[PDB]
There are 8 protein chains.
Amino acid sequence: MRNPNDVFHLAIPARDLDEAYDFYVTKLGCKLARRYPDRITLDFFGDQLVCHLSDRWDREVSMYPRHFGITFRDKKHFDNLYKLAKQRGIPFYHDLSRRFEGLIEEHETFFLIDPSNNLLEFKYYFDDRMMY
Amino acid sequence: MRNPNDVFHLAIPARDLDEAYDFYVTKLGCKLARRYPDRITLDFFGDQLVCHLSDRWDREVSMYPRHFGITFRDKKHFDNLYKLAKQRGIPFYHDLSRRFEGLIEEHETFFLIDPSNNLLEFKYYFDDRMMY
Amino acid sequence: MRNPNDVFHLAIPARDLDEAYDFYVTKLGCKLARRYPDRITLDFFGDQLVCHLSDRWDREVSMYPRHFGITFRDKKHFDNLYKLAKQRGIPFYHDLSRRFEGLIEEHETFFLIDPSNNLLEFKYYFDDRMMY
Amino acid sequence: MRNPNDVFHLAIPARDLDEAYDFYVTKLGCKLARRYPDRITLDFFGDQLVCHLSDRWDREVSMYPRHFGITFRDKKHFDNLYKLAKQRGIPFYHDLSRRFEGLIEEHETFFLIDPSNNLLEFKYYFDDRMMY
Amino acid sequence: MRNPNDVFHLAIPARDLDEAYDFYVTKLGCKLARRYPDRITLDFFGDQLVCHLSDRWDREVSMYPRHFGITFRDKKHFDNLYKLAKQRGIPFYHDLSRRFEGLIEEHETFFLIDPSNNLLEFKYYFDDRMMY
Amino acid sequence: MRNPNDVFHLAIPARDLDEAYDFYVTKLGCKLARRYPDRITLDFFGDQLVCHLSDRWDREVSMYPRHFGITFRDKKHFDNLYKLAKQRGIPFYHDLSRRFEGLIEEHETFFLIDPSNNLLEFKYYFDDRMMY
Amino acid sequence: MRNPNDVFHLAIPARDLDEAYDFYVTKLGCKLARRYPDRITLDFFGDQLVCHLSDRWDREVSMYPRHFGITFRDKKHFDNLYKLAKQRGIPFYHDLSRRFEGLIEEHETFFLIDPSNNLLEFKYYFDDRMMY
Amino acid sequence: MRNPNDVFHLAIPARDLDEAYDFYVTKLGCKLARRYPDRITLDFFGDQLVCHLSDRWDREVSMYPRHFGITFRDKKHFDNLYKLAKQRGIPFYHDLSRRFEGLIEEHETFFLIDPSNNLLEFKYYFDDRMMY
């Protein structure tokens, strides 16, 4: 549990802000908040994601050490997002998979990937105390 | 309000896990959740931060395009954290300042810097609608 | 309290969808959700507003019998929005005023006007029971 | 999600306030709040609906560009309302139907119609993120 | 906290249902829910009050052993209601006073009296633990 | 829905305070709050019930026009209470029954009766909007 | 936030159950829940305290390693309880004091002592993050 | 129900703080908050547990009169904890058992035991009103 009145905020590179808008808003369903020449800000599942116009995006990507996203308490929200990503043509870096298999902290996961190679991981933990 | 039952999660590089513990837990006051040979997981203001043991941390640091943190609804929480950082000697990348001064989306901001040059930004907006 | 999990939704005419975006998102600070050739959908202070592309908008405007908006429990939210409207040059139909002055159900009010002559009223009641 | 402490408010025309009371209170089950010679105010599912004595109600009606109502997170609340409308003899402008069929934003809908030809739409979205 | 999803309900006698409406809805500001030939039901500060058409109302009134009302956590709500009662001319049985003065369980109190001699008591406790 | 921070308070007669304690605390499971020579106060499902030492209790009782209790949103809470009353030997004035049968506002009900002939009614509505 | 739907529970020795009632309910203002020959159960500030009839209570008391109580977010609750303890003559083991003075985790503290030498500590932290 | 903004705090002896960390953090999954030479503090299911370096731990233990833990409203949380304790090799003083069998206040229970012989009891009540 966390304070519902605060927001987590993250800044990531975007090579092209219109292209970032299509991914995050048009496909992923995030809400567009503020737009400037050099950045767009998003309501990203209730937290704030800011996409900064940048040339410093990763040209090649691997799972570690950078990725972000949402861990859902309710499996329905996780399943809905997976369905939405599949129907809206959103690319998956890694499809539906379990991590830490057989441990109490086992979680279901998928990774989406934005046009600037930022990795989005969405998680569901079978024991909700393991979300940290 | 964001869903208090979910958590945002972020992965960042840590050049040394004990050193990351010293920064995030001992000085910053986050709570330690889980430890593995290759990562530590943290309750970071109610969201999840995971520090991954990695050599791919930035040797040269600039404000953009990557940073993360919390935007506090209650200025007391923002002020408390600044005081904590100052008293406990946590390095600042950028001391207390204003961004978008005089504009509706004006916010107070300070940046901390972790031992692997990850930038933490904490914010307080004068109009709470501008948190996105 | 109203159910925080539901949303009120309203449909109104927009003579031009880009112009409606400029008003509701760029100036008023609402968040853009979904776009179609015939409508845009908005997170309007946490409720849903849908602007429908239409020629059936009022050319001549009077206060009654149609208008909509938000009644804020916290006067700070009301004051912030007024300041936003003023600073960002959003047209007022009626500037800051009182309705039912001296009576238990007295409230502060201002009306904004969108480009298709829809009237937005924002209110604050001195006795919160009088919000209905 | 939205602030449970605020209320959405909407003003609509009513040709006859006693007739509006019978529809909104006696049949629909909304609560009567305040009554004046020229208007009645209602607790309309936790938001505020105000029915203004007016001759400016729509003599002929079509679905667009004006209608209002509630989007329910819990399907049981949607189903209960449908059942209530059928049992209490409330007229339907459009019976139970799906809109945006096959899209992630598909929703179930029905439209009621008040005596002054105001259209009430009630919605349930199969993916709750699509409520905006 | 009490469960916000439940309601307390009380039944009391009313010698005349229209007269009870005038008292509870028009003057006191409660909302009218349902009406039948033998009773009216009310949203009484979020709980349910039902006034039953009856000749068994007390002709002679004393403070004990029967009265009902609301104990407000926030003194502003208590003060607002007193002001409402005074401005709108609602009869008091007992004007603003203190009970258990100087003791930890001290509370401000006033009593209103309905047309069938039911006693309404509203309270505010200086120590919120003493509300039970 | 109602403010979880306030409490409904009701005063009722008790012919004997020890006997009232046995009924409300020992059998019904309410919590004993404060005790004085002339009254006991109770945490009665999160609201406040005060039992006043009195000779003015009803020597003969009928369902109307006085009774009180709790309307539960969750049927499990209603069913649990019924089970508890049966197992703990609490007398029922009226056993499990439906009222307003076939109406949208149909509710399940039972009435318990305290030693001083005060009637407690517990309710569950099949449409939760009908709780007022 | 901790889960408001769960309770912490603690068991402690009581040399005499009536004497424990006098302390926890009559003086401290906790609510009595259940009684058995060998124990009493209490709503202790919303958590459960159970006093077990026992001869294994400490005859000689020191601050460490055993004590319990509540840490209040709102200083008013802390101040109210101190005033209650003082006015009602509840024995203090340690009067109002500061622990970790000048440090970020500074808190106000006082200790009460029950009749079986159990130590109750109540705290208020100047930075609410330091409550853990 | 209890205030989600406060925390219950308990102090218990630990013969060795590293050994206490392994039990409470590594095995039980509690979060490590603050560490000093003489104590560790823990986020223990949202309440605060403090383990004080001490020689005054119980060399022999019995169920009464001292133990602590959490009563879960949701059986899934209780079942998850039991599963975690079994998989992580946490010792049980008493395995899964019912107490107050056949009473309305019947509850399911298990007792874990820490290295310094402190007893942890976790409970689930079949009637949630019986949690006090």
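Cut-offs used in this document
- Residues numbered from 1 in each chain as written, not as in the entry; some residues may be left out.
- Chains lettered and ligands numbered in written order.
- Heavy atoms only, no water.
- Least-squares fit on C-alpha atoms.
- Contact = heavy atoms within 4.5 Å.
- Disulfide = S-S within 2.5 Å.
- Helix = DSSP H or I, 4+ residues; strand = E, 2+ residues; numbered from the N terminus.
- Buried < 20%, exposed > 50% of the residue type's maximum accessible area, 1.4 Å probe, protein only.
- Polar contact = N/O pair within 3.5 Å; in protein donor to acceptor, adjacent residues only side chain to side chain.
- Core = buried A, V, L, I, M, F, W, Y, C linked by side-chain atoms within 4.5 Å.
- Buried area = accessible area lost by both parts, 1.4 Å probe.
- Salt bridge = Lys/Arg side-chain N within 4 Å of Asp/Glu carboxyl O.

Its PDB header attributes the entry to X-ray crystallography and lists the resolution as 1.50 Å.

Per the PDB entry, chain A is named Glyoxalase/bleomycin resistance protein/dioxygenase, and its organism is Alicyclobacillus acidocaldarius subsp. acidocaldarius.

Draft legend 1. Layout of the relation of the copies chain B and chain A. Superposing chain B onto chain A takes a rotation of 180° plus a shift of 0.0 Å along the axis, which leaves an RMSD of 0.2 Å. When the rotation and shift are considered jointly, the pair of chain copies conforms to a two-fold rotation axis. In terms of C-alpha distance to the rotation axis, chain B has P4 of chain B as its closest residue, with the C-alpha 2.5 Å off the axis. The overlap is high: 96% of the interface residues of chain B also sit at the interface in chain A, so the same surface is used on both sides.

Draft legend 2. The state of the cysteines, seen in detail. Under the defined criterion, the tally for this structure stands at zero disulfides over all chains. Of the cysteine sulfurs around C51 of chain A, a residue in no disulfide, the closest is that of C30 of chain A, at 8.9 Å.

Draft legend 3. Representation of the environment of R15 of chain C. All names here are of chain C. Tracing the chain through its elements places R15 in the loop between β1 (7-14) and α1 (17-27). By relative accessible area, which is 38% here, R15 ends up partly exposed. For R15, the contacting residues outside a window of four places in its chain are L53, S54, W57, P115 and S116. In this structure the side chain of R15 is engaged in a polar contact, spanning 2.9 Å, whose partner is the side chain of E19.

Draft legend 4. The nonpolar core, seen in detail. Formed by 317 residues in total, the largest nonpolar core has its most connected members in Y24 of chain A, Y24 of chain D, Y24 of chain F together with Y24 of chain H. If sequence neighbours within four positions are ignored, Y24 of chain A has contacts with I12, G29, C30, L42, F44, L49, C51, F68, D114 and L120 of chain A.

Draft legend 5. Representation of helix α1 (residues 17-27) of chain A within the structure. All names here are of chain A. Within the sequence span of α1, burial applies to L17, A20, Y21, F23, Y24 and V25. Capping the start of α1 is the job of one residue whose side-chain oxygen sits 3.0 Å from the backbone nitrogen of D18: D16. One or two steps after α1, the chain reaches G29, where phi turns positive at roughly 85°.

Draft legend 6. Spotlight on the interface of chain B and chain A. Across the contact, 51 residues belong to chain B and 49 residues belong to chain A. For the pair chain B and chain A, the two sides together bury roughly 5,000 Å², of which 53% comes from carbon and sulfur. Between chain B and chain A we count three salt bridges in total. As a salt-bridge pair, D58 of chain A and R66 of chain B come within 3.7 Å of each other at their nearest N and O atoms. Taken together, the connections running from chain B to chain A amount to 43 residue pairs in polar contact. When contributions to the side of chain B that touches chain A are tallied by element, the ones reaching two or more residues are β1 (7-14), β2 (31-36), β3 (39-44), β4 (47-53), β5 (67-71) and β8 (119-125) of chain B. Top element by residues in the side of chain B that touches chain A is β1 of chain B. It accounts for seven residues.

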